[PDB]
Amino acid sequence: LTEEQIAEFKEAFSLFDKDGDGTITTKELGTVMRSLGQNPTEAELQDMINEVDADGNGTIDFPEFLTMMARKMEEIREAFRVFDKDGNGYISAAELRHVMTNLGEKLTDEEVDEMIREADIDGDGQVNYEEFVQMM
Amino acid sequence: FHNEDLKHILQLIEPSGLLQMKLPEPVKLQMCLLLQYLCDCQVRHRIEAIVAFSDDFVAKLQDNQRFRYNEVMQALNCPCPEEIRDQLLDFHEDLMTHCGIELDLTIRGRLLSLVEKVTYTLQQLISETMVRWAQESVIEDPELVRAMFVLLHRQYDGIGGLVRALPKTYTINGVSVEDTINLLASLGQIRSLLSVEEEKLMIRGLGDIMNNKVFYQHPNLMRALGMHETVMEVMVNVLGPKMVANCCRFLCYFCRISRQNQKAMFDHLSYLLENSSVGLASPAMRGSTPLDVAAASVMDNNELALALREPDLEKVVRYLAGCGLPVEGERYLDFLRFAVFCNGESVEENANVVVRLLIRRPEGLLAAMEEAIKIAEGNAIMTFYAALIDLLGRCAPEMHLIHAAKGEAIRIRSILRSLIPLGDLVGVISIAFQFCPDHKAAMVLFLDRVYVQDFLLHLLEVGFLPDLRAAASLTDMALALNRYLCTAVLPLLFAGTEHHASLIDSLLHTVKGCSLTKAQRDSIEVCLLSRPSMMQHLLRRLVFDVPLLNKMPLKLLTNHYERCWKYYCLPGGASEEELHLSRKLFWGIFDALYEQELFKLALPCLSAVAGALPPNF
Amino acid sequence: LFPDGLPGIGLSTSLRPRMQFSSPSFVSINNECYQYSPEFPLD
Amino acid sequence: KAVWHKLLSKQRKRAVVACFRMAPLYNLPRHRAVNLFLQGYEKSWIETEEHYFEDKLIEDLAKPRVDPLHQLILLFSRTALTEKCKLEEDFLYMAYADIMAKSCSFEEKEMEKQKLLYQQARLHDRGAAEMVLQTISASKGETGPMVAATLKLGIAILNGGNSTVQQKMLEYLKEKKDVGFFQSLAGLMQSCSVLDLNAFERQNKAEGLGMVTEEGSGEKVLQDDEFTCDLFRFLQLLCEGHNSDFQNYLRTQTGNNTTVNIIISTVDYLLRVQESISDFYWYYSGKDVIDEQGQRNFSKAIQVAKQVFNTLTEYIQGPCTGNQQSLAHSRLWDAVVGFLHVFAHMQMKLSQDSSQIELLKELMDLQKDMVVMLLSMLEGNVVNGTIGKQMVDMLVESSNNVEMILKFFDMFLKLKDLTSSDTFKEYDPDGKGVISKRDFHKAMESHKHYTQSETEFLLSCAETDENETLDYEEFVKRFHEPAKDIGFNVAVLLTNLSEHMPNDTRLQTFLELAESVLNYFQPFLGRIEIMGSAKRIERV
Amino acid sequence: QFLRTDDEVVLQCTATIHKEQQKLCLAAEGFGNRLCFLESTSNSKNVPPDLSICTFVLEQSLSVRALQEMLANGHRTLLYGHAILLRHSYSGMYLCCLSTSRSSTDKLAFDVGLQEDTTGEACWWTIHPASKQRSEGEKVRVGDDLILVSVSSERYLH
Ligand SMILES: [Ca+2]
Ligand SMILES: [Ca+2]
Ligand SMILES: [Ca+2]
Ligand SMILES: [Ca+2]
């Protein structure tokens with residue numbers, strides 16, 4: 001398997017990891033599902049462990065995580081299609097409401113231009129294609 | 001009576017004979033039980049074909065709907081807005097959502113065809129011959145009359161018998177046909193032993209169930225056979241030695257295997273707590289009490305913990321009213337710890353109820369438990385008064401602001417702080433450096449929950465006095481070392497030289513390993529929250545640590561305490577000579593060719609601390 | 001499931017716990033009667 | 001910038017969560033696919049109409065010695081006659097006394113009453129009024145599923161107020177001098193129910209962290225209210241038609257050693273329901289967004305509170321003087337004190353929604369079914385009778401809450417007069433079904449009747465739909481119809497106190513209080529005079 | 001017949017000390033002593049009780065819910081399960097549960113004196129019947145023996 005997406009999955013594992021000892025408990029999963037808007041309880045966290053709990057340690061190990069992503073799930077290529085609704089790389093001031101709708105964070109009303117204006121190259125009033133290769 | 005014989009036998013009774021004649025009473029009673037057998041195998045045939053259609057149908061269903069859903073989530077993904085949540089459900093709820101709306105896809109014709117067959121002979125004649133008997137022949141013998149109308153009602157409601165058939169059937173493979181049989185051979189031995197050594201055949205019977213590969217794989221099956229109630233009514237029959245325990249150990253394993261099993265075992269808690277016949281300890285009977293079944297019934301699930309109510313906890317403290325002499329009282333408070341906490345954070349409802357019933361009868365404690373600390377020629381009191389404290393630490397209102405921004409969680413916290421003094425430092429610091437490890441951690445988890453940094457220095461000379469200096473003394477001392485790595489974490493939240501004396505003793509103790517790194521995790525943030533003259537003095541031992549660094553115990557102490565010394569070098573914003581060797585001996589490791597990529601970034605803060613602050617023995 | 005009924009069918013793919021038997025002999029293996037039942041001629 | 005890189009992690013932190021969650025799709029075990037398929041097939045697809053088969057079957061057993069049906073009832077009586085200090089399960093009984101109970105426009109309205117009375121003749125000819133009267137007296141106080149099945153038979157026999165069956169229930173009790181029946185009926189209501197809120201907020205917190213709840217409705221309302229409704233309905237059917245030998249049998253119970261005053265014992269029950277819903281008001285009183293479980297715990301509690309008033313009436317309805325006197329000395333008055341106090345405060349907050357009309361109708365109806373009772377308690381008054389004297393005495397002891405409901409009816413009746421005045425109709429429109437809010441704030445104000453406080457309460461929601469106006473027909477149909485039937489009984493009850501009991505002065509406070517009501521219904525109530533069975537004359 | 005609001009009442013037990021029926025009543029002084037004590041009545045034919053400092057006037061009776069919302073910022077009839085604000089009839093101060101510790105066996109017996117501060121749940125006493133016959137929610141008649149439970153300390157009037 002291509003180790004680019006596996007290194008991306010290691011980055012995603014460390015994104016999920018908070019105690020940093022190689023094992024992921026249930027509480028990291030509960031906090032990451034509560035931080036992205038959703039409201040889980042202990043029952044959903046518990047049996048969602050028990051499905052993945054083939055290793056039988058109550059935690060998420062790394063290679064079973066890797067094949068669990070390799071089951072269904074590029075990463076930023078599928079993410080760039082969220083940016084590119086229009087297909088020309090432009091993410092306009094009008095198109096920015098169509099990108100940030102399905103995230104979870106309440107977008108601001110003045111700082112949203114400062115996110116563009118610091119990142120924009122010449123000031124075309126949009127977010128172009130060139131703000132993806134050398135911005136991420 | 002295989003295929004040739006039943007044609008001889010049915011067409012002896014059918015032709016359409018035996019049934020047409022006139023018969024006396026206690027023979028047609030015998031025929032009625034015979035006639036029930038034919039309908040029973042008719043029911044058996046209906047289930048054997050309803051599992052036959054099922055395997056072919058889900059082979060059409062799963063190979064369609066799992067496969068065609070895979071086409072949608074590659075053509076639409078957007079992790080889970082709407083169309084995921086229709087297929088994001090429980091697997092039980094997914095089954096009802098898939099098929100069970102068809103009484104308002106492409107296979108909607110096929111299952112609708114089957115119910116037409118399972119609409120539905122001899123149903124005509126049994127409904128006829130029960131009428132023909134009961135009309136002309138005015139009946140005594142109510143054992144017969146009860147037997148007649150059952151076969152009438154079972155005939156007219158053949159659906160309702162099948163309604164109580166499907167929550168007993170179960171489907172498995174050809175792999176399981178080995179271990180299932182001698183399971184059933186053992187289970188039938190227990191059902192046969194229900195009516196009566198009598199003990200040893202049950203113990204031989206129960207353990208052979210407990211070593212089966214098909215005993216964990218299908219706990220729905222073991223629930224559907226009702227074999228929790230089987231062993232329980234055996235134990236119900238025994239109660240008013242080892243025959244009680246060896247079935248009781250099976251129940252504790254029975255609830256541990258799944259949550260949905262444990263809900264079914266909840267409904268027997270009323271009888272089960274009425275057994276103070278076992279609480280005189282004598283281990284290893286402490287894995288087999290009827291209390292211990294009551295333990296594992298509530299043990300984890302917070303849903304189960306909220307459902308139980310006040311007469312359950314009334315009887316337990318009624319037994320604690322009996323303890324006015326003892327040793328049995330430690331196990332009741334062991335049970336109530338599983339009634340209030342259950343996850344790591346307490347419940348808010350049962351925690352209120354138990355302490356209100358713990359004031360209506362009360363039973364200095366540290367004035368009394370100190371006097372028995374040298375009692376010899378005993379410990380069952382020393383764990384008891386440790387247990388009652390360990391209970392009361394669990395029913396704390398909140399470490400969250402529910403304690404802060406609310407009344408009615410303080411009213412009860414006022415009770416907890418009033419019944420005890422501070423007091424416990426009898427057991428916390430003083431006696432606990434000699435029994436040792438079980439009770440000092442128990443007194444911590446009370447004091448942390450109920451009751452800033454002035455008592456940080458006041459409650460020093462604690463823990464690492466005997467323990468962190470005796471790393472080669474290893475055996476109860478060795479059993480205490482990994483225990484207080486995690487207990488000493490929550491003390492994250494002048495005498496700092498003595499703290500550095502224990503920390504260097506902790507550094508020698510850090511010279512299990514996941515928890516030893518956990519006590520390092522409470523140590524690495526400890527110097528960050530340090531007047532910094534001790535933090536500058538602790539960095540002098542860090543150069544003493546740097547001499548013994550440039551193994552893995554110092555390698556985690558190299559890159560961490562270097563940036564932490566820069567966090568101690570915020571005070572500059574004397575011993576830089578040893579710091580010059582500290583960059584030199586690190587450069588002496590740099591020319592030698594692990595986690596050394598961490599310590600290499602710690603070298604630039606060693607010049608930035610000199611750019612901010614300085615501008616085996 | 002259907003004839004185009006007869007409860008004397010021979011398929012019977014349920015579990016159906018098996019028969020075992022023992023012959024009432026007079027060997028000195030006295031912890032082997034001990035299992036099932038005395039045998040009998042069936043058919 | 002930094003928030004641009006902050007969404008890249010929260011994209012992958014959230015997209016991995018979907019691969020954690022969507023990985024179960026019935027994939028690898030073919031056993032768990034098929035084992036779960038059956039249980040879902042059961043609870044969805046068996047469950048159909050077989051229920052043509054009852055009325056053919058009891059027809060098939062009432063055929064030409066002794067009938068086949070006649071032995072079946074004879075089995076259950078002789079089973080229920082032996083002392084075992086307990087009943088059984090007897091799943092034969094649980095199905096046959098169900099099937100025996102499942103088998104029960106003027107000319108059709110009499111012919112349906114005709115063929116029903118034939119179908120209860122099919123059963124009570126053969127002692128079916130005795131297995132219901134014995135299986136209650138067998139189980140001493142236990143509310144098991146057995147005794148809940150007999151009440152569904154005894155209701156489906158007495159269903160029309162049957163007179164011969166009500167004669168056979170008594171004349172069986174008189175000769176078999178049965179203590180064990182009235183000992184059993186008092187113990188049956190003794191626990192029986194109450195809506196408890198400590199089980200609700202336990203579940204409400206369990207609605208917090210117990211995410212999906214399948215059948216957690218068990219301890220919620222009254223512990224199987226369907227039995228508790230069916231107890232009192234069986235008691236009401238024992239007295240409809242005014243069996244004055246039986247309403248006096250439920251009181252003093254003459255020819256026995258000990259006596260069970262069952263009529264006080266049902267007063268003590270609904271007082272426990274009065275407090276049970278007052279506490280379900282007080283907890284609720286500040287949230288003001290009734291969720292789904294808040295609705296279906298009132299609706300399962302209103303109907304039982306509705307039912308207990310309907311059987312409270314039938315002990316009083318025929319003017320048995322020893323029965324209404326013996327309930328006036330009891331603690332009835334505290335219940336109707338409390339029930340008023342729920343009526344005002346809820347209606348001011350339940351009539352602020354478009355979703356909370358479904359609770360409003362039921363709570364309006366129980367107000368009517370309350371005053372239908374204390375109309376019927378009043379009917380033996382003479383002029384200044386004591387039972388008329390005490391009924392006004394509770395009317396000042398909760399005087400402060402009679403105000404709001406009488407004020408509530410005026411808001412929706414004075415709207416019902418101002419419907420065809422053209423400063424109500426042709427003011428803002430010609431006529432369309434759209435008026436205004438802003439002119440409705442002043443077209444109503446140019447009728448000069450109401451204070452400004454009542455105009456804003458009338459301006460509660462009134463459309464919540466895109467217009468900042470209201471609707472003509474829908475608002476007035478909710479104004480006229482649900483408060484003119486219930487409001488009529490309150491007008492009758494206020495009439496009935498003054499004309500029967502004059503020469504009170506604080507009653508003249510209440511009369512001139514609701515003068516807008518009594519001058520609206522006075523073209524609808526007739527006051528005739530008869531010679532009502534006491535050889536006196538009473539207004540009707 | 002029914003105890004109501006604003007009627008002078010007294011509170012007395014009848015405890016026996018070696019078969020001597022001491023019909024002691026609760027009294028207090030104030031104006032220099034913020035504590036309560038006992039007054040004896042059994043030797044009434046020789047020593048009469050100083051009844052100026054024994055009598056208490058009920059001032060209010062609330063449901064518990066009404067109390068909890070009231071702290072959050074005509075003669076009525078007294079009911080069980082209600083919190084009452086007892087008033088000393090002479091000294092004007094209200095009976096309360098002081099948060100101090102004196103004149104006890106020194107385990108958790110809090111002190112009962114009489115203070116001035118009307119607010120706070122220290123001066124509210126709930127009434128619980130010593131009878132399974134008469135129950136919660138109904139009116140308390142003359143001579144009904146009962147329990148007084150504090151709202152703040154939740155300790156009985158021992
Ligand atoms: Ca982790
Ligand atoms: Ca793991
Ligand atoms: Ca554009
Ligand atoms: Ca650009």
# chains A, B, ... in the order shown; residues from 1 in each chain; ligands from 1
$ residues_near_ligand --ligand "ligand 2" --cutoff "10 Å" --atoms "only C-alpha atoms and all ligand atoms" --output "list in words"
residues 22, 23, 24, 25, 49, 52, 53, 54, 55, 56, 57, 58, 59, 60, 61, 62, 63, 64 and 65 of chain A
$ write_last_selection --atoms "N, CA and C atoms" --output "compact mmCIF listing (two decimals), in the first residue's frame"
# COMPACT_ATOMS: atom_id res chain seq x y z
N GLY A 22 1.02 5.58 22.45
CA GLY A 22 0.77 4.54 21.48
C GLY A 22 -0.62 3.96 21.50
N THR A 23 -1.34 4.06 22.61
CA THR A 23 -2.69 3.54 22.73
C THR A 23 -3.66 4.70 22.83
N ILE A 24 -4.85 4.53 22.26
CA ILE A 24 -5.89 5.55 22.28
C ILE A 24 -7.05 5.04 23.13
N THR A 25 -7.39 5.78 24.18
CA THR A 25 -8.48 5.39 25.06
C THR A 25 -9.81 5.83 24.47
N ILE A 49 -15.81 0.91 20.27
CA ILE A 49 -14.57 0.23 20.61
C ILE A 49 -14.69 -1.26 20.35
N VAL A 52 -14.05 -2.49 16.90
CA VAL A 52 -12.64 -2.42 16.56
C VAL A 52 -11.78 -3.22 17.54
N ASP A 53 -12.32 -3.57 18.71
CA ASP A 53 -11.55 -4.26 19.74
C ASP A 53 -11.28 -5.72 19.38
N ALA A 54 -10.49 -5.96 18.33
CA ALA A 54 -10.02 -7.31 18.06
C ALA A 54 -8.76 -7.63 18.86
N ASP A 55 -7.94 -6.61 19.13
CA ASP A 55 -6.75 -6.78 19.95
C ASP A 55 -7.08 -6.99 21.42
N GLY A 56 -8.29 -6.62 21.86
CA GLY A 56 -8.74 -6.93 23.20
C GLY A 56 -8.04 -6.19 24.31
N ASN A 57 -7.56 -4.98 24.05
CA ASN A 57 -6.89 -4.19 25.07
C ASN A 57 -7.68 -2.96 25.49
N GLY A 58 -8.88 -2.76 24.96
CA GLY A 58 -9.66 -1.58 25.25
C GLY A 58 -9.19 -0.32 24.57
N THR A 59 -8.20 -0.41 23.69
CA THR A 59 -7.60 0.75 23.05
C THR A 59 -7.50 0.55 21.55
N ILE A 60 -7.13 1.62 20.86
CA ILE A 60 -6.87 1.59 19.43
C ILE A 60 -5.39 1.36 19.22
N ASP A 61 -5.05 0.24 18.61
CA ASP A 61 -3.68 0.03 18.17
C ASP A 61 -3.53 0.57 16.75
N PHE A 62 -2.29 0.61 16.30
CA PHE A 62 -2.00 1.26 15.02
C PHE A 62 -2.30 0.43 13.76
N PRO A 63 -1.87 -0.84 13.60
CA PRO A 63 -2.09 -1.48 12.29
C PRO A 63 -3.53 -1.88 12.02
N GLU A 64 -4.30 -2.21 13.06
CA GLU A 64 -5.72 -2.46 12.87
C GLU A 64 -6.44 -1.17 12.50
N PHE A 65 -5.99 -0.04 13.05
CA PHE A 65 -6.45 1.27 12.59
C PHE A 65 -6.13 1.48 11.12
$ residues_near_ligand --ligand "ligand 3" --cutoff "10 Å" --atoms "only C-alpha atoms and all ligand atoms" --output "short mmCIF file (atom, residue, chain, number, x, y, z; two decimals) with N, CA and C atoms, in the first residue's frame"
data_model
loop_
_atom_site.label_atom_id
_atom_site.label_comp_id
_atom_site.auth_asym_id
_atom_site.auth_seq_id
_atom_site.Cartn_x
_atom_site.Cartn_y
_atom_site.Cartn_z
N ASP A 86 -16.35 24.87 -8.08
CA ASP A 86 -16.40 25.44 -9.42
C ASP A 86 -15.40 24.83 -10.39
N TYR A 90 -10.73 28.36 -7.96
CA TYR A 90 -11.15 29.56 -7.26
C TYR A 90 -12.09 29.21 -6.12
N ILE A 91 -11.87 29.83 -4.96
CA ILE A 91 -12.76 29.75 -3.82
C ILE A 91 -13.10 31.19 -3.48
N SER A 92 -14.19 31.70 -4.05
CA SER A 92 -14.43 33.14 -4.08
C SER A 92 -14.93 33.64 -2.73
N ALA A 93 -15.25 34.94 -2.67
CA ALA A 93 -15.95 35.48 -1.52
C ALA A 93 -17.39 34.97 -1.48
N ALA A 94 -17.97 34.72 -2.65
CA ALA A 94 -19.31 34.13 -2.71
C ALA A 94 -19.25 32.62 -2.52
N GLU A 95 -18.17 31.98 -2.96
CA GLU A 95 -18.07 30.52 -2.86
C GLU A 95 -17.59 30.08 -1.48
N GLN A 126 -10.36 36.66 -4.30
CA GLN A 126 -10.87 35.30 -4.17
C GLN A 126 -9.81 34.49 -3.42
#
$ residues_near_ligand --ligand "ligand 4" --cutoff "12 Å" --atoms "only C-alpha atoms and all ligand atoms" --output "short mmCIF file (atom, residue, chain, number, x, y, z; two decimals) with C-alpha atoms, in the first residue's frame"
data_model
loop_
_atom_site.label_atom_id
_atom_site.label_comp_id
_atom_site.auth_asym_id
_atom_site.auth_seq_id
_atom_site.Cartn_x
_atom_site.Cartn_y
_atom_site.Cartn_z
CA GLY A 89 -9.43 26.30 -8.24
CA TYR A 90 -11.15 29.56 -7.26
CA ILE A 91 -12.76 29.75 -3.82
CA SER A 92 -14.43 33.14 -4.08
CA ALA A 93 -15.95 35.48 -1.52
CA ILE A 116 -7.63 35.60 2.84
CA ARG A 117 -5.68 38.89 2.80
CA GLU A 118 -2.67 37.45 4.62
CA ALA A 119 -2.79 34.33 2.42
CA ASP A 120 -3.65 35.92 -0.94
CA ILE A 121 -0.80 36.46 -3.38
CA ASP A 122 -1.76 39.61 -5.32
CA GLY A 123 -5.29 40.51 -4.26
CA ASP A 124 -7.65 38.98 -6.81
CA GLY A 125 -10.47 39.09 -4.23
CA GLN A 126 -10.87 35.30 -4.17
CA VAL A 127 -8.93 32.25 -2.98
CA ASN A 128 -7.30 30.93 -6.14
CA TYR A 129 -5.76 27.60 -7.11
CA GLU A 130 -2.29 28.76 -6.03
CA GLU A 131 -3.45 29.02 -2.40
CA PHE A 132 -3.57 25.22 -2.18
CA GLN A 134 1.92 26.41 -1.45
CA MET A 135 -0.51 27.22 1.38
#
$ interface_residues --of "chain B" --to "chain C" --cutoff "10 Å" --atoms "only C-alpha atoms" --output "count of residues only"
39
$ residues_around --residues "residue E:111" --least-positions-apart "5" --cutoff "6 Å" --atoms "only C-alpha atoms" --output "ChimeraX atom specification"
/E:98,100-101
$ write_last_selection --atoms "N, CA and C atoms" --output "PDB file, in the first residue's frame"
ATOM      1  N   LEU E  98     -27.838  27.561  64.013  1.00  0.00           N
ATOM      2  CA  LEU E  98     -26.546  28.224  63.962  1.00  0.00           C
ATOM      3  C   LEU E  98     -25.473  27.245  63.520  1.00  0.00           C
ATOM      4  N   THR E 100     -22.531  26.753  64.499  1.00  0.00           N
ATOM      5  CA  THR E 100     -21.490  26.635  65.497  1.00  0.00           C
ATOM      6  C   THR E 100     -21.617  25.307  66.237  1.00  0.00           C
ATOM      7  N   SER E 101     -20.773  25.126  67.248  1.00  0.00           N
ATOM      8  CA  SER E 101     -20.638  23.846  67.931  1.00  0.00           C
ATOM      9  C   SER E 101     -20.378  24.093  69.407  1.00  0.00           C
TER      10      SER E 101
END
$ residues_around --residues "residue E:125" --least-positions-apart "5" --cutoff "8 Å" --atoms "only C-alpha atoms" --output "MDAnalysis selection string"
chainID E and resid 82:86 148:151
$ write_last_selection --atoms "N, CA and C atoms" --output "short mmCIF file (atom, residue, chain, number, x, y, z; two decimals), in the first residue's frame"
data_model
loop_
_atom_site.label_atom_id
_atom_site.label_comp_id
_atom_site.auth_asym_id
_atom_site.auth_seq_id
_atom_site.Cartn_x
_atom_site.Cartn_y
_atom_site.Cartn_z
N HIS E 82 -44.43 21.43 54.81
CA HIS E 82 -44.17 22.84 54.60
C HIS E 82 -43.02 23.31 55.47
N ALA E 83 -42.27 24.27 54.95
CA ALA E 83 -41.25 24.96 55.72
C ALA E 83 -41.88 26.18 56.38
N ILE E 84 -41.59 26.37 57.66
CA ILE E 84 -42.15 27.49 58.41
C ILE E 84 -41.02 28.34 58.96
N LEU E 85 -41.32 29.61 59.16
CA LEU E 85 -40.39 30.57 59.73
C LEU E 85 -40.87 30.87 61.14
N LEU E 86 -40.28 30.20 62.12
CA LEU E 86 -40.71 30.39 63.50
C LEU E 86 -40.19 31.71 64.03
N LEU E 148 -39.58 18.29 63.40
CA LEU E 148 -39.13 19.51 62.73
C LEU E 148 -37.75 19.25 62.15
N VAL E 149 -37.63 19.37 60.84
CA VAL E 149 -36.37 19.14 60.14
C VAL E 149 -35.94 20.45 59.52
N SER E 150 -34.68 20.81 59.73
CA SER E 150 -34.14 22.02 59.14
C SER E 150 -34.01 21.86 57.63
N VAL E 151 -34.02 23.00 56.94
CA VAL E 151 -33.76 23.00 55.51
C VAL E 151 -32.27 23.07 55.24
#
$ interface_residues --of "chain A" --to "chain B" --cutoff "10 Å" --atoms "only C-alpha atoms" --output "ChimeraX atom specification"
/A:19,21,42-44,47,72-73,78-79,81-82,102-103
$ write_last_selection --atoms "N, CA, C and O atoms" --output "compact mmCIF listing (two decimals), in the first residue's frame"
# COMPACT_ATOMS: atom_id res chain seq x y z
N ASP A 19 -2.71 11.43 24.84
CA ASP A 19 -1.76 11.02 25.87
C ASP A 19 -0.41 10.63 25.28
O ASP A 19 0.61 10.72 25.97
N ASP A 21 1.02 7.70 24.19
CA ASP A 21 1.73 6.50 24.61
C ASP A 21 1.45 5.32 23.69
O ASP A 21 1.62 4.16 24.09
N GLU A 42 -21.53 7.12 26.50
CA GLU A 42 -20.59 6.05 26.77
C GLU A 42 -20.94 4.77 26.02
O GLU A 42 -20.03 3.99 25.71
N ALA A 43 -22.22 4.56 25.71
CA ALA A 43 -22.62 3.32 25.05
C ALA A 43 -22.11 3.26 23.62
O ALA A 43 -21.59 2.23 23.18
N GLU A 44 -22.24 4.37 22.89
CA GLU A 44 -21.78 4.41 21.51
C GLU A 44 -20.26 4.32 21.43
O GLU A 44 -19.72 3.59 20.59
N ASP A 47 -19.35 0.43 22.32
CA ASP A 47 -19.50 -0.62 21.33
C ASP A 47 -18.78 -0.27 20.03
O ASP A 47 -18.41 -1.16 19.26
N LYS A 72 -12.38 1.37 3.75
CA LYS A 72 -13.12 2.33 2.94
C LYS A 72 -12.20 3.35 2.29
O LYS A 72 -12.17 3.48 1.06
N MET A 73 -11.46 4.10 3.10
CA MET A 73 -10.68 5.22 2.60
C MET A 73 -9.29 4.76 2.16
O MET A 73 -9.07 3.58 1.93
N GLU A 78 -9.57 14.38 -1.94
CA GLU A 78 -10.98 14.43 -1.61
C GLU A 78 -11.33 15.71 -0.86
O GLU A 78 -12.48 16.16 -0.90
N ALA A 79 -10.35 16.31 -0.18
CA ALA A 79 -10.61 17.56 0.52
C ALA A 79 -10.56 18.75 -0.42
O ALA A 79 -11.21 19.78 -0.17
N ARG A 81 -11.74 18.76 -3.40
CA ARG A 81 -13.03 18.83 -4.07
C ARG A 81 -14.06 19.56 -3.21
O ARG A 81 -15.07 20.04 -3.74
N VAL A 82 -13.84 19.63 -1.90
CA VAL A 82 -14.67 20.47 -1.05
C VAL A 82 -14.36 21.94 -1.32
O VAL A 82 -15.26 22.79 -1.35
N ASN A 102 -20.30 23.03 6.09
CA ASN A 102 -20.33 21.71 6.72
C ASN A 102 -19.06 21.44 7.53
O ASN A 102 -18.47 20.36 7.42
N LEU A 103 -18.58 22.42 8.30
CA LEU A 103 -17.45 22.21 9.20
C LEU A 103 -17.87 22.08 10.66
O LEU A 103 -17.56 21.08 11.30
$ select_by_dssp --residues "chain A" --states "alpha helix (DSSP H)" --output "number ranges by chain"
A: 3-16, 26-35, 42-52, 62-72, 76-83, 96-99, 111-119, 130-133
$ interface_residues --of "chain A" --to "chain D" --cutoff "7 Å" --atoms "only C-alpha atoms" --output "PyMOL selection string"
chain A and resi 12+15-16+36+41+69+115+118-119+136
$ residues_around --residues "stretch 186-203 of chain D" --least-positions-apart "2" --cutoff "8 Å" --atoms "only C-alpha atoms" --output "PyMOL selection string"
(chain B and resi 306-307+349) or (chain D and resi 140-143+182-184+205-207+216+219-225+228+231+260+262+265-266+269+272-273+276-277+279-280+301)
